[PDB]
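# My sequence and its experimental structure, below.
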Amino acid sequence: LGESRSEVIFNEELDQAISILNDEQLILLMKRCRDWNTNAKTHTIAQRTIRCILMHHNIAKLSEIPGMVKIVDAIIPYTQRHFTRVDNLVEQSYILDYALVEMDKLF
Amino acid sequence: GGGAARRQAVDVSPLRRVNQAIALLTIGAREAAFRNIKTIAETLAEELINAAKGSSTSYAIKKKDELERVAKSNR
Amino acid sequence: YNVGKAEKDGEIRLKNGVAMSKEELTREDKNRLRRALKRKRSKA
Amino acid sequence: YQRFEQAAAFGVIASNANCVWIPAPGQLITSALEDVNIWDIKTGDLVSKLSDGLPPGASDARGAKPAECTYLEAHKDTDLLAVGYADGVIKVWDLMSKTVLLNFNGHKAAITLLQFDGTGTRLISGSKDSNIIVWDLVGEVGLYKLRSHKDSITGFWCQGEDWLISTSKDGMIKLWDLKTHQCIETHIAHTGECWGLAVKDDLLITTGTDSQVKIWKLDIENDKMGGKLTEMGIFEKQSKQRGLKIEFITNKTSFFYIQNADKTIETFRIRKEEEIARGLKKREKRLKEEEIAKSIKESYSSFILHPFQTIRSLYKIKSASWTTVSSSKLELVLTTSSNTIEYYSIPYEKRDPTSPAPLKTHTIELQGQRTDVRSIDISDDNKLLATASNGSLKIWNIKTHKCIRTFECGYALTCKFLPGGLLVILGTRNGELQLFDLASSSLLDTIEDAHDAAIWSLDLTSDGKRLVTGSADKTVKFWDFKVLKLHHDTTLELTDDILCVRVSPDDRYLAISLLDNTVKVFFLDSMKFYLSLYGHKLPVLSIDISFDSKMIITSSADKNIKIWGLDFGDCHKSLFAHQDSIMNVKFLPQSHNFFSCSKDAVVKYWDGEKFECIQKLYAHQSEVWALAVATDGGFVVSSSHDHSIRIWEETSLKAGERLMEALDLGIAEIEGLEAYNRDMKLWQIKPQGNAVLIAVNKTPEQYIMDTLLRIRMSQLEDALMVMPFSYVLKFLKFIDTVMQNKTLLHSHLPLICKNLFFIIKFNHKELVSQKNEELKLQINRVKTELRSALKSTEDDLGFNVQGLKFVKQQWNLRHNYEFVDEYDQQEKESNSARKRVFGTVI
RNA sequence: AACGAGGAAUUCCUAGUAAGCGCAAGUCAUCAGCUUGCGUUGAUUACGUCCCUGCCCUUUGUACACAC
């Protein structure tokens, strides 16, 4: 990620590796991805690997894969928590817009 | 200061200013009538008049001048 | 889904959701994690 | 209350050590215990030894067993000797003044290998615990540490300034790059434990643990695993027990030797390409008379290599070293386990040994007991007696520290001397007393069948007229001198074995142990069974009685000296000492003070009236076997299983505020470098980067971010409340800069955003009262970049949430069974939903 | 003839508190070289901080949301 902060998500060859992963390794990757999704300091990494998977596999297959909708079911609610907190942060970030208004009006 | 003590200047808050004011006046008149023919009423009247002038012949104004000088020295 | 101890043996998994294999730790770190589990289960 | 200090050490010619040979046969370095020794081979005469000045025994010394000297290797171009002691301490000696010039202590365990290039004065050390240190002798500091092995280090070969190749006691070989300063390559070598490593510029030869030597090809190619190390072949058939040391040598047919741990040693020749081509053609003609080429590729190893010969030397060897001459003689210096240092030579003409056997020259076995000392004796303050189960009764002069006569008597057990005639007596684990002369031959009257078992203890009365020999036949026999033969006269047949006997210096009591934890005390004059002392829970091993027949000292296997008073037969005083076991105890010849030597290498000196260990003596590191005290002088001679003879002679800031200081430094470097950028752009001199940023090698944003990161969340609101307004302006510039460095921004986006919004809500009145077009532009940049960051992160989150819900819904409407009746499916659902238990107070 | 409100050091002290002023009792231990009660006039200065000298404490969110 850090090197690819400058339609890709990571470096493209890495994306190809994730695209041609096996089913068993997809299960293992999503197990680790759910684990890192738990805390809120590694959620970005979890979200990016998930998005790379969803954009590079057959979704009917991903739904089909045995013993995975268990994992998916544990993955949604923490991502809603993160979504709500980040949206709250956009919300607080309109302060700067307020201060700019006040400063130009003084000016 | 670890052994090397030194006076640093700080500002003072009005309840402390008023408490100093009252203490300075009354200590000045009590020690000015410690042993004389004067008494507390007359020495204290002397002091309150002079200090309200600010005229610097009086106990409390001398001690005030001292303390702003010491701050002025090592701020 | 809370996170608790990993169902293999080859891993140690902490509470903040980070998991580490037994192999890929340097020996001092294997020491220090043994110390941490020592005192934690020493109370509980 | 005098104190004793060590004065001597004999018989310690070479042990537990790795020899370094000096060409002039020339001189040779071995180590004593705790000590080095150098000597000429052909004369066998000691030159020098190196140690710390204060001996063990001066009261300044520390209470610990001294460190054994476990490795040593030299540099003749600078003529220094780097030795390493088993406390993992490295000492370098000058060889001219024979003085230390510096020391080192970096390891923790014992040191295995020293290897060093004085060319740049690089010193390399590999200890028992797995790390390799590299040092500079000129700067005498620690350069660095290479650590990735797991068990130990057993071999490593340096090369130049670039590479190490090391092998461990767990069988993997590791190549280390010294530039990037770290491991590069690793290969498991043998199944068990690999031990030896020797390098020719082509090929690398290692040993396994069961006589499989393996042959790699080495290079400097730059593939990942490829190019570097490759797996040419397996040669074998040295012995069965594993080898330890391989060394190459040349003149130019080259040779190398494997030193094993058995009695033997092997030497091989390595051939040349002409013989290689010849054998190739001969083998190919055998091939013709494909897969057959695969077979010759498999017999590669035996094809190239060649078994030159062996030495079936004697019993056991520690170390070995090469010497070549004339292309017709190869020579091995050979340090054994037992006290011998032998020279070996072999003729050859680059074709053949031309000899039925290797030749043994120049042994050194003269002043070394060559086995384990079983007993000691002192004689008239001039004369010393050392006996060992090789029989090698070595007679010594103390003041010359040197041998006089040596005999042989089989598995000797106990020594004693006769001042009358100056004739020594010994006894063995077979019942045969052997009495020897000193000027003449040994055997004068070698008695046999004196006891059907091993004899154990033997003493003579204060005159020198009779011999009491207690022996494991459960019998003691009493013998008299006739004129010079010995005649037994009477036998006492007890019930159990005898483990010690002594008689009073006034000649009245006889003390005889038993195998039971008991000792009997008899009247000598008529054999009357005067007393029986009881109670050690383990048998008595050694007995003393006083200089004047007042007390009896008994020392046994359960580590407790007991002091009995002899008169009524009482136990004065018990004394737990010597964590292993006591072998013996002796009195001073004058007074009630006594020495005691254990099985765990301590000599403890007691007062017999306060009953305290006056002194503890920490000379050496083996089971002490015996002790004897001078008849007058107070020097005492202690002897122990390390083949060793010792003589003791008688003589700040607050969080928030540290953020402000970091903020000052960071903003200073940032704005200075910006002004310099403006300067060069106007042109078309670097303002100096400050010490902290340079020294930690941290860019300014990383510095300020690290101080912000270290601060804790309970102190973050207070800290940002503390700083004044000028520092807030600096904070805003810093946030602008990290928006320039996006990677840092997305790394620490919550920290930055929280701090920014708090510091602005708090300083809002100032902030709008400031009018600066710089500040407006800064706020536009910061606000737009924060929206960009937060917004793209959020967009990830929305996409993931929708997608995972869609995945689950799809799987539901294909797999999970569906009903039609509303109540029926409600029953289904309230079955299958997650149930979590919870502890309510009612 | 000794004395004109008691040196260095240390101790004690936050509201009917410090300090003054007298009256009364004498209670199975203690108390008359005195001890406990009872009223009467009645303040100056802090009421913050862990910076100093110390003194404890926790370093396993675990209890159940939400947040951190």
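It's in. Residues are numbered from 1 along each chain as shown, chains lettered A, B, ... in the order given.
# List phi and psi for residue 71.
Chain wasn't specified; assuming chain A. Reported as degrees, to the nearest 10, the phi and psi values for residue A:71 are phi -70, psi -40.
# quick one, what contacts it?
By CB atoms under 8 Å, 6 or more residues apart in numbering or on different chains, residue A:71 lies in contact with A:27, A:30, A:31, A:34. Just so you know, the C-beta spots here come from the backbone N, C-alpha and C atoms, and that holds for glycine as well.
# repeat that for 7 Å
Neighbour list for residue A:71: A:30, A:31, A:34 [criterion: CB atoms under 7 Å, 6 or more residues apart in numbering or on different chains].
# From those residues, which land in helices?
Filtering those for membership in helices, criterion DSSP state H, returns A:30, A:31, A:34.
# Could you report the neighbour count for the closest residue to the last one other than its chain neighbours?
Meaning residue A:34. Nearest residue to residue A:34, sequence neighbours excluded (CB to CB, 6 or more residues apart in numbering or on different chains): residue A:75, at 5.2 Å. Other residues within reach of residue A:75, judged by other CB atoms under 10 Å in any protein chain shown, total 23.
# what's the offset of the strand or helix carrying residue A:75 from the middle of its chain?
Taking DSSP states H and E as the definition, residue A:75 sits inside helix A:69-92. In terms of CA atoms, centre = their mean, to the nearest Å, the centre of helix A:69-92 is found 9 Å from the chain centre.
# got the buried residues for that helix?
A:69, A:71-76, A:78-79, A:82-83, A:86, A:89, A:92 (16 or more other CB atoms under 10 Å in any protein chain shown).
# ok, then the element right after it?
helix A:95-106.
# right, is stretch D:163-179 up against chain C?
No: Stretch D:163-179 is not in contact with chain C by CB under 7 Å from any CB of the partner chain; minimum separation 13.0 Å.
# What's the end-to-end length of that stretch?
8 Å (CA to CA, to the nearest Å).
# got the buried residues for it?
Buried residues in stretch D:163-179, counted by 16+ other CB under 10 Å: D:163-176, D:178.
# Next: stretch D:810-817.
Using 16+ other CB under 10 Å as the test for burial, stretch D:810-817 gives D:810, D:811.
# Likewise for stretch D:732-750?
Counting neighbours by 16+ other CB under 10 Å, one finds that the buried residues in stretch D:732-750 are D:732-739, D:744-749.
# how about the residue nearest to residue A:19 when sequence neighbours are not counted, what does it touch?
Leaving aside its chain neighbours, residue A:19 sits nearest to residue A:56 (3.9 Å; criterion: CB to CB, 6+ apart). Residue A:56 is in contact with A:15, A:18, A:19, counting by CB under 7 Å, 6+ apart.
# Quick check: which element contains whatever residue of chain B ends up closest to chain C?
Of all residues in chain B, residue B:2 sits closest to chain C, at 36.9 Å by CB to the nearest CB. Residue B:2 belongs to no helix or strand when elements are defined using DSSP H and E.
# What's the local residue count around it?
With neighbours defined by other CB under 10 Å, the count for residue B:2 comes to 4.
# Please apply the same query to residue A:34.
Residues near residue A:34, counting by other CB under 10 Å, number 21.
# Apart from its neighbours in sequence, what residue is nearest the residue in the stretch 451-600 of chain D positioned nearest to chain A?
Chain A sits closest to residue D:579 of the stretch 451-600 of chain D, with a gap of 52.1 Å, by CB to the nearest CB. Spatial nearest neighbour of residue D:579, excluding adjacent residues (CB to CB, 6+ apart): residue D:600 at 5.7 Å.
# And for residue D:699?
Nearest residue to residue D:699 in three dimensions, chain neighbours excluded: residue D:693, at 7.3 Å (CB to CB, 6+ apart).
# now swap in residue D:581 and tell me
Nearest to residue D:581 is residue D:599, by CB to CB, 6+ apart, at 4.4 Å.
# can you give me phi and psi for the residue most central in space within chain A?
Of all residues in chain A, the one closest to the mean position by CA atoms, centre = their mean is residue A:47, 1.6 Å from it. The phi and psi values for residue A:47, taken as degrees, to the nearest 10, are phi -70, psi -40.
# Contacts only, for residue D:54.
D:60, D:61.
# Partner strands of whatever helix or strand residue D:571 lives in, with direction?
Secondary structure assignment for residue D:571, by DSSP H and E: strand D:570-576. Sheet pairing for strand D:570-576, assigned by DSSP bridges, gives strand D:560-565 (antiparallel).
# Turn the buried residues of stretch D:732-750 into a markdown table, columns for distance to residue D:65 and secondary structure.
A markdown table is the format used below for those (distance: CB to CB, whole Å; DSSP: H, G, I helix; E, B strand; the rest coil):
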| residue | distance to residue D:65 | secondary structure |
| --- | --- | --- |
| D:732 | 67 | helix |
| D:733 | 65 | helix |
| D:734 | 60 | helix |
| D:735 | 64 | helix |
| D:736 | 67 | helix |
| D:737 | 62 | helix |
| D:738 | 60 | helix |
| D:739 | 65 | helix |
| D:744 | 57 | helix |
| D:745 | 61 | helix |
| D:746 | 60 | helix |
| D:747 | 55 | helix |
| D:748 | 55 | coil |
| D:749 | 60 | helix |
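# Pull the contacting residues for the nearest residue in space to residue D:2 that is not next to it in sequence.
Excluding the flanking residues, the one nearest residue D:2 by CB to CB, 6+ apart is residue D:650, at 4.9 Å. By CB under 7 Å, 6+ apart, the contact set of residue D:650 is D:2, D:4, D:633, D:634, D:635.
# Could you list every helix and strand that the longest helix seen in chain D packs against?
For chain D, the helix with the greatest residue count under DSSP H is helix D:773-812. Judged by 3 or more CB pairs under 7 Å, 6 or more residues apart in numbering or on different chains; DSSP states H and E, helix D:773-812 is in contact with helix A:43-55, helix A:59-64, helix A:69-92, helix A:95-106, helix D:725-740.
# on that earlier part again, nearest to residue C:27, of the buried residues of helix A:69-92?
Closest approach between the buried residues of helix A:69-92 and residue C:27, by CB to CB: residue A:71, at 33.6 Å.
# residue in chain B nearest to chain A?
Nearest to chain A, among the residues of chain B, is residue B:11, at 30.5 Å (CB to the nearest CB).
# secondary structure element for that residue?
Using DSSP H and E, residue B:11 sits within no helix or strand.
# Helix, strand, or coil at the residue nearest to residue D:579?
The assignment at residue D:600 comes out as coil when based on DSSP: H, G, I helix; E, B strand; the rest coil.
# Confirm the residue nearest to residue D:699 sits in a helix?
Yes: judged by three-state DSSP, residue D:693 forms part of a helix.
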